[PDB]
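Quick heads-up: the structure tokens below are two forms of one chain, split into structure 1 and structure 2.
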Structure 1
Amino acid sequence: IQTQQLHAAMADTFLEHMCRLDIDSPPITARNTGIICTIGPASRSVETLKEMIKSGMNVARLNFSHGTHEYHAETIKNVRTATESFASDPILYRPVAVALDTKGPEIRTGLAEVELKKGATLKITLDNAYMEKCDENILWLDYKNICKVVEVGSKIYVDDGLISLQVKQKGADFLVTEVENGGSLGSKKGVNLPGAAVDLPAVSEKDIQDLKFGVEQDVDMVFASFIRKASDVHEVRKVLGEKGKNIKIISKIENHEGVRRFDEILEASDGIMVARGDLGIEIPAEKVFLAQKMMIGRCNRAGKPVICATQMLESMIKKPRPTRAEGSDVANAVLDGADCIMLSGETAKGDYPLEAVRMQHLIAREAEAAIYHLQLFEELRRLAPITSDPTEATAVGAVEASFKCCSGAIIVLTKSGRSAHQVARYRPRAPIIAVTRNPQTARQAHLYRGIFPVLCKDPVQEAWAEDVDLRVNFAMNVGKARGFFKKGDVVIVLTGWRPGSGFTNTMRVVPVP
């Protein structure tokens, strides 16, 4: 009788590992995969926000594809008010990050009781007087090259690609179309074209204002939409500038060009997010799993943070319990190597936002136990490149020792998070407690898998040896109070020699006070 799927863990074959997965092997307390929850009408309440942190929300995503600067700021203040509430106890405190999502290049319909019928004609008018008053046969789109670059025999998608069309005319400002799949047209719904790469700006003027607002707001990360090359990301960084240099950029991949130029995009970006709801419209849907598994895998081999994002638990927008396809996907995502798992409408405009976060908390914890670490660690090391970096050797050594003694933690003193980040790329079962005094680092650290960031508001003792131990004691107390580990249990502590970032070379396997 045992825990953490340990019988499977020591299975010599992956097939045997699955045969030994036990629904009667209760999981460890700590959850490694990060939960990102989009905030909006359902969750913007500090009452909901306080309870979302309680239910395991680690990051708050703001979608500028919708809304205004005033709306989001009210939410960002509201999220920050909720987080400071649990700060009376620093040990029980959880830092919560704020992320910004760009509208990006989008084609949107004009301003609902019109249903498009199969066998009907629709003309995509480009007279801009239908922007507020759009008829069924007269449709205005916020794009100028649809008719120009989409010719007869093409197809168009509106409202999450739920209303399909077929093109029978090409020209200037007009498009005669058939409705292949019909339905109730909605106001200002997204237009998607599978057969073209939009010519619209990857970073528009609204995007420049939206990114600028975040630098004024102290956002820890940003989610760049419709990124098709590294050129797109660099434009985003220059807009963030010197005051946002430390703001992490996560590029959202939702297009064929990005999937092709993905390797260039990853080296450029600070992380990747698989935007499935958009990526599925552009490429055939039955090919999307390959893209998620391809990107999560490449991101893991480069130690760059990857997020799984859309329609994970969608039924929960209207339902209190999730479908089995949904439950399987959230776990398969953690099983695939996703650092963070996200919720969109489920949390933003949902009947059950808290219920969704809790499900993502449970299914994730169970999957982390199910991972074949022995194979995974073998491959990440086998595919690791030999370096003379001290921190890199110490980090791989700490994870190997965590596996050997079955540690209840890996404790890292990190000022920029980079030390703890390298331990995470090696994918330990041991929970990583990054002890930091840089608060933004504590929030941005949530992007990586396994890192439970802890903020030491305790002052500098003026003796590095005393100050370092003071911090190590803070981590020991947190893992005990949260029940991650117990006194007398072994832990790994990573530290350096000189004060300052980049001096990490010290590995300590120690029992807990």
Structure 2
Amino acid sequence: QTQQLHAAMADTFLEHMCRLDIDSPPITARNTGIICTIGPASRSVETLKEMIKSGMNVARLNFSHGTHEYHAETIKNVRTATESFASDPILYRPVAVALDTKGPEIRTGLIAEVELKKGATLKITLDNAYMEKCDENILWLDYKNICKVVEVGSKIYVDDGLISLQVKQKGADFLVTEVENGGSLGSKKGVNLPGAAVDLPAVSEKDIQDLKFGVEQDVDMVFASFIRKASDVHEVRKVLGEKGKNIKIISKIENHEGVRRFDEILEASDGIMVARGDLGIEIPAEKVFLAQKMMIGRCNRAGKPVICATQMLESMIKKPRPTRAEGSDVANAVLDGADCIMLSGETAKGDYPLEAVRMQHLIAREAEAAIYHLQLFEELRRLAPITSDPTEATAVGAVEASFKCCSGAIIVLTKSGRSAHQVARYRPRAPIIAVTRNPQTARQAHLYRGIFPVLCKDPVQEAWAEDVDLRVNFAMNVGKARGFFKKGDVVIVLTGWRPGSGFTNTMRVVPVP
């Protein structure tokens, strides 16, 4: 009568649906990471403490706005609030810090507003004499290569898709367009080129400086904007360089080229953000659910983290409760298989930052139980390469074992995170407690569905066996304290055959002491 275990037993997906039960309560542990954008609503130490207690695992800093000193104080506040729980490692929740880059943009110049008439002509010019003299006849852009990347018939969107232009003739340093969808044109408006291969650099002058700030500020991950190809990922990696080699690169897929070149992008990245906001400007909004499900599926298939983002609980900016469409959207992202779900304006500037978080947490947990693990696991098992790698064999064996005995947890010792990530890719129902002494591994582990990172602070015991056991019991204490299991329950424990990374090979079924 709990955790949708009746529906879990259904031999078909239809009967699985039919069995979903509002009176079947979930478990305590919530497996989907919650990423919260920080802003004036949620930036104080006191409000960040409650953000943490409400379920925030990752603090997102949006670098489209705010100075470096502004962002350094946000990061300070986040760390002050996070370490205010440090005294008891058993309860301490790690919180990661994500730097989301502004990235390359196309801006128009100065106009004050002009009215564009649907069906009228408008000329785009790269001639800087019209740079501060834009009007309903002539509009200047700052993308000096635009003529090389568009064709007669190509569409140009101005001000987050509000205005739609179609190129009717191309010149030298100008294009002549017809206004499809008119409206009020303004100054300094964002511009998108649906379907174009935009040749703006992978990282802007500003991103370059912001990225190097992220290294100095010891950020855990970068959300890299407007990634269109693998070479763009490689430039971000290169800018972060040697000292930033362990910072995770999440590519943001925000346009048609990124969706189409997705495979090469995913290969080069540590993870992916389905940036639905900008993506639904670049592509028809009715197609966005296809790109989301395709991307979640392919990341799931590759074992790489995927984040569903933007407007998930949007009304909660003004109202203390979501719309039904919004709660549907969060549940369905989890059902699709997103590792993480994201809050933007709902936490940064909204009237109800805490309710928004607490709601993603309630929905995430309800949806995690509603997942059809029976076919999910079968398909991932079917789709799993037969290879000699002992660490993979061990990971899959532990997930199989966890389903067999419906265990309270899969406990994993990990230095880098990788052994825990390997378990997460098989989508166990039980929560993965990733015991680590590496504080960065513990913060970054939040990117993966099911992983519950715990930061062990005990000294290394001189007998290695004792030291392993010490960390395994730390994990049992965390599970007991957090209410994931109780003394007598069975849990699965993963360890390796010598110290250091890459030797995970040992799966035990143990009672909770």
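Here, a residue number simply tells you its place in the sequence of structure 1, counted from 1. Under this definition, the rigid core comprises the largest set of C-alpha atoms superposing within 1.5 Å between the forms.
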item	value
Which listed residue lies at the hinge, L175, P353, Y426, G104, rigid motion between structure 1 and structure 2	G104
Hinge rotation between structure 1 and structure 2 - smaller rigid part turning relative to the larger, in degrees	22
Cα displacement of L100 between structure 1 and structure 2, core-superposed (Å)	0.3
Cα shift between structure 1 and structure 2 at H66, which is computed once both forms share a superposed rigid core (Å)	1.1
Rigid-core-fitted C-alpha displacement of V152 between structure 1 and structure 2 (angstrom)	8.6
